[PDB]
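For the sequence shown, the positions run 3 to 57, 66 to 81, 85 to 95, 112 to 305, 315 to 324, 335 to 517 when the authors' numbering is used.
Cβ coordinates follow ideal geometry from the N, Cα and C atoms, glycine included.
See below for the structure under consideration.
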Amino acid sequence: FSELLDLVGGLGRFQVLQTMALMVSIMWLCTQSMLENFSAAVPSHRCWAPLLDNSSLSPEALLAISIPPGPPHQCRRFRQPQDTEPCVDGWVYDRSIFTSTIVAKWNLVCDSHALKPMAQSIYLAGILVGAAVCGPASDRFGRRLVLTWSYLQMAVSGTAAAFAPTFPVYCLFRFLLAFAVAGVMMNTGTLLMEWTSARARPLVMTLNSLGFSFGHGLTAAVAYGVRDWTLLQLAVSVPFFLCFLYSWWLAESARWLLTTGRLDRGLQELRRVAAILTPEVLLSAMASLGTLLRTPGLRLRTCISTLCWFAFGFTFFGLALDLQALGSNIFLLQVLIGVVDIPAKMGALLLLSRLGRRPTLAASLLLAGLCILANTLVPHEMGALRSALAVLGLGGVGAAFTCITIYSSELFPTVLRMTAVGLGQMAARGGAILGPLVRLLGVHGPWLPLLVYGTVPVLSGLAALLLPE
Ligand SMILES: CCc1oc2ccccc2c1C(=O)c1cc(Br)c(O)c(Br)c1
């Protein structure tokens, strides 16, 4: 089929336009994923005290004689002004930064604090389900078709979540949104790979990753503009209506059409792509998980690659989804994640050729994990150092993702390569699901979630030294 790609052009105006459009879509998809740390940012909250909120003393004195001291206690109040009782009358939140939030809306604080990470997990669960369902669908129905329907579902579910009346409805529609983002991601990747020459595959993968890198800054900018969770979610999910509208101009994969037997439709598609070669030419021109697991020589490589994918997913979605614990200024941290991923991913791609492939991946994972451990080790007062170290850790885990994406392909033969990549992606999605869950260990101590997030990638990088090349 590569001969047909060369005949049409392989790389050119069409490929660059498609890559730019899909990169914008991926930027908005990253905004959808990472919006939760702005639309669910826990504000400073305290029990609604009658004396503070009437239903002469300075406000400090009133807050001292109404709310007991805490590690001011955020979920207890004195029975009478100065015996403590829970927030009988509800909570009062600090709206200096964020005017509204899901935490502030459904009181996902203390007794129900777990509902905040749990919701995130549900979102990250949907992706794992979406990849499971949108995977075969793209192989049964067109890849561009599944991409278009994924865009539509993302837009609709994002709007519905932005207008969710109760918490379960919000969780359900975020699950549906994740189900759709899984399809968007998979079909964007497949469409990029299936329209560019085999030489440029690492380049297109790196550009796809830079899509998320830019999406980080896009999320920061949009959150800075919009401080209301409803309006934030609505604004983030609105552009997917336009994505759905213009996805019809994307060229469906000619490889898929030719392989499945749509010779005439694929011929028309590839002629259209070449414009921006008789049917006989195309006619002449044109590995289950059990097999991969059964081979005894690939057990170690399979396990180590899967562990690396899982480490990336777990660490990245356990850290990037809670940036308030990593630093102080959440908007600046969100910007810095992308601003460091760009150079980090470029440098990873650079060292993937001269320093090696296994050493680069191992060094990236070890640096990310050690930066996370140092961030949880340094004093809390030294906030700038903690923020910088967390930014470096996220940059390192992104670089490790680039390394593993470009590396796990070569680790397996041309026949088991797709199966190994799919297994790695599923492991990464499962790790992402587990990511937010381990934040529930923060009750035992805020240091423990970061200890886990640091000791996972460090161990994965240590085990990545056992790979062949
Ligand atoms: C570059 C890694 C990354 O950065 C993000 C920012 C916001 C939301 C999701 C991501 C995200 C992914 O989940 C991801 C997971 C797999 Br597996 C891939 O093959 C690709 Br491509 C991207």
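| Query | Result |
| --- | --- |
| Which full runs of the alpha helix (DSSP H) of 4+ residues lie inside the segment 402-469, going along the chain? | 406-425, 431-455 |
| Entirely within the segment 11-52 and at least 3 residues each: give me those beta strand (DSSP E) ranges in chain order. | 47-49 |
| Do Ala368 and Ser412 come within 8 angstroms of each other at the CB atom, strictly closer than that value? | no |
| In or out: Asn56 buried (at least 16 other Cβ within 10 Å) or exposed? | exposed |
| On a Cα-Cα basis, can you pick out the residue from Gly119, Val185, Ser435 that is closest to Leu263? | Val185 |
| For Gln93, count the other beta carbons within 10 Å of its own beta carbon; 16 or more makes it buried, fewer makes it exposed. Which is it? | exposed |
| If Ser238 sits next to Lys393, beta carbons under 8 angstroms apart, how far is it from one beta carbon to the other, in whole angstroms? | 5 angstroms |
| Is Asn39 near ligand 1 - that is, is its Cβ less than 7 angstroms away from at least one heavy atom of it? | no |
| So, using beta-carbon positions, are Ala43 and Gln297 closer together than 8 angstroms? | no |
| For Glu298, which three-state DSSP category applies? | helix |
| Quick check on this structure: which residue in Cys163, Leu355, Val265 has the alpha carbon closest to the alpha carbon of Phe40? | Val265 |
| If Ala512 and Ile352 are in contact, beta carbons under 8 angstroms, what's the gap, nearest whole angstrom? | 6 angstroms |
| Going by DSSP, what residue range makes up the alpha helix (DSSP H) through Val233? | 230-254 |
| I'd like the span of the alpha helix (DSSP H) that includes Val121, first residue to last. | Segment 120-122 is the beta strand (DSSP E) holding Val121; no alpha helix (DSSP H) there. |
| Pick from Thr288, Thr225, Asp112: whose alpha carbon is nearest that of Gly11? | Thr225 |
| Between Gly244 and ligand 1, is the CB less than 7 angstroms from at least one heavy atom? | yes |
| Between the segment 123-137 and the segment 176-183, can you find at least three pairs of beta-carbon atoms closer than 8 angstroms? | no |
| Based on the DSSP output, what are the partners of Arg90 in its beta bridges? | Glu114 |
| Hey, is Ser336 close to ligand 1, as in C-beta under 7 angstroms from one of its heavy atoms? | no |
| Residues in its own chain within less than 7 angstroms of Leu299 by CB, not counting five upstream and five downstream? | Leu6, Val10, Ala283 |
| Please state the DSSP three-state secondary structure of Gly155. | helix |
| Would you say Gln473 touches ligand 1, meaning its beta carbon is less than 7 angstroms from a heavy atom? | yes |
| For my contact list, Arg406 and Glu517 are in at a C-beta cut-off of 8 angstroms; report their separation, rounded to the angstrom. | 6 angstroms |
| Could you check what DSSP says for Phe127 in three-state terms: helix, strand or coil? | coil |
| How would you write the range of the alpha helix (DSSP H) that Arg173 sits in, first residue to last? | 172-191 |
| Spatial neighbours of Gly218 within its chain, please: C-beta separation below 7 angstroms, excluding the five flanking residues on both sides. | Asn237 |
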